[PDB]
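Participant: okay, here's the opening piece of the assembly, coordinates as they are in the complex:
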Amino acid sequence: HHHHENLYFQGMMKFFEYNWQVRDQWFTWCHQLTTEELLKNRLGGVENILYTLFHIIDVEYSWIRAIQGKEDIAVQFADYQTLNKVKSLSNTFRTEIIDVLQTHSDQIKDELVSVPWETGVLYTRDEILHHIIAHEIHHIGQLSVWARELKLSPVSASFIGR
C-alpha cells in the first residue's frame, strides 16, 4: 500500500531540487574560468571556487550516508582538482541521495542519526535536512561575491521562476 507524499516531505524536497538546479548553473558558469582561477585562494568560506563546490557535494553526501547509517569514507579534494571531476562527483552521488531521501520520507521526522565524526552525538533527520539545505545556499551565496570580484555576473539565487 502506497501513501500520498506528505506536505513536509514535498516542502523539503523543493529546496533540494532548487539547490541541485542552481548548482548545475554554477558548474556551467565555472566553464568560463581557467583551472587556476577556479583554484585561486580568496578570502571567505573554504577560499576557492572549486573547493567550495567540492565541499558542498562532500558535506551533502556525508550527511546522507549518516542518515543511511553507512560507514563514513571521506572523498579527498586532492583527487578532484578540475571542474569536470567535481561535476562528475556531483553526478555520482545524486541517485543515491535521491533514494535515501525517498526512503526517509515518512512522518517520523525526529528519527535519530548517529554522527560517525562526533562520538556520542545524535541529530534528527529533520535537523540534518535543514542543515544540508542551508549549507549549500550559504556557500553558493559566497560564490556570488567572488563572481562580482572576477567582474562576471553571478548565477541567480532566486527561488521563484524555475
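Facilitator: Received, thanks. Residues are numbered from 1 along each chain as shown, chains lettered A, B, ... in the order given.
Participant: what about residue A:127, how many residues close to it?
Facilitator: Residues lying near residue A:127 (other C-beta atoms under 10 Å) number 14. Yep, even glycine has a C-beta here, placed from its N, CA and C like the rest.
Participant: what residues does stretch A:124-133 touch?
Facilitator: Outside stretch A:124-133, the residues that touch it by C-beta atoms under 8 Å, 6 or more residues apart in numbering are A:12, A:15-16, A:19, A:59-60, A:63-64, A:66-67, A:104, A:108-113, A:123.
Participant: repeat that for stretch A:8-22.
Facilitator: A:94, A:101, A:105, A:107, A:109, A:129, A:133, A:136-137, A:140, A:155, A:157, A:159, A:162.
Participant: before we move on, the earlier item: in strands only, show me the contacts of stretch A:124-133.
Facilitator: Here DSSP state E is the test, and those give A:112-113, A:123 as lying in strands.
Participant: and the contacts of stretch A:8-22 as a markdown table, adding distance to residue A:119?
Facilitator: Listed next are the contacts of stretch A:8-22 as a markdown table, based on distance: C-beta to C-beta, whole Å:
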| residue | distance to residue A:119 |
| --- | --- |
| A:94 | 30 |
| A:101 | 27 |
| A:105 | 29 |
| A:107 | 30 |
| A:109 | 25 |
| A:129 | 23 |
| A:133 | 26 |
| A:136 | 27 |
| A:137 | 29 |
| A:140 | 31 |
| A:155 | 39 |
| A:157 | 36 |
| A:159 | 37 |
| A:162 | 41 |
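Participant: chain B comes next; put it on the structure above:
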Amino acid sequence: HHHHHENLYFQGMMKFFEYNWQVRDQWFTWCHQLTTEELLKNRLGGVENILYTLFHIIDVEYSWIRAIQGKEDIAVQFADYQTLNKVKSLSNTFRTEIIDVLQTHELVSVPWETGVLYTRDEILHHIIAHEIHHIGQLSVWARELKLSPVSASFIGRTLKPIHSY
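Facilitator: Chain B now in position relative to the chains above:
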C-alpha cells in the same frame, strides 16, 4: 471540541525562519565592532554594502509576508534607515507583524507582478532562500575585513520557537 495534531509541514518551514532570525540578530551584533565607514562601504557582490544587505533582507522578507497577509505597503526607503540601530529597530518592528502572520492558520497576488499568483509555500521557500543567500555574501566580506563571520550552522543551535517571541 476536536483533537488537534501538529502541522509537520508548518513546523518544518518555521525552523528555517527561526534559524534565519537568530543568525540575522548575531550579524546585527557583529556589525557593532565596525565603524560607520566599514558598515556603509561599497563592496563587490550582492547589494554591495553590509548595512544595506541587512536592510534588503528585512525589506524583502516583510514585503512577501505582507503579500501573504493580503496587505500592501509604501516602499521603505533605505535613506530613512542609515544606521545600524535604525535597521535593527526596523527588523524587530517587522518581526512582530511577521510572527502574527505565521501564527495564523489561498493563492497570493503581489502588487509588483501582475498576471502571476503564487502559493504561500512557494513564497516561504523564496523568503527563506533569499536571506540565507545574502547572509552567505556577508561571510565573504567578514573575512575580507579580517574578522570571523557569524556561524551559519543549523546543526548544534538551540532554536527559539516562533511562539516564544
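Participant: mind redoing the neighbour count of residue A:127 now chain B's in there?
Facilitator: Close neighbours of residue A:127, defined as other C-beta atoms under 10 Å in any protein chain shown, add up to 20.
Participant: can you check residue A:134 too?
Facilitator: If you count neighbours by other C-beta under 10 Å, residue A:134 ends up with 25.
Participant: residues contacting it?
Facilitator: By C-beta atoms under 8 Å, 6 or more residues apart in numbering or on different chains, the contact list for residue A:134 reads B:16, B:19, B:132, B:152, B:154.
Participant: repeat that with 6 Å
Facilitator: Applying C-beta atoms under 6 Å, 6 or more residues apart in numbering or on different chains, we find residue A:134 in contact with B:132, B:154.
Participant: where's residue A:8, which helix or strand?
Facilitator: Here residue A:8 sits within helix A:7-30, counting by DSSP states H and E.
Participant: how big is the angle separating that helix from helix B:8-31?
Facilitator: Per axes from the mean of the first three to the mean of the last three C-alpha atoms, to 10 degrees, the angle that helix A:7-30 makes with helix B:8-31 is 50 degrees.
Participant: what's the first helix or strand after helix A:7-30?
Facilitator: Under the assignment DSSP H and E, the closest C-terminal helix or strand after helix A:7-30 is helix A:35-39.
Participant: name the helices or strands packed onto that next one?
Facilitator: helix A:49-68 (3 or more C-beta pairs under 6 Å, 6 or more residues apart in numbering or on different chains; DSSP states H and E).
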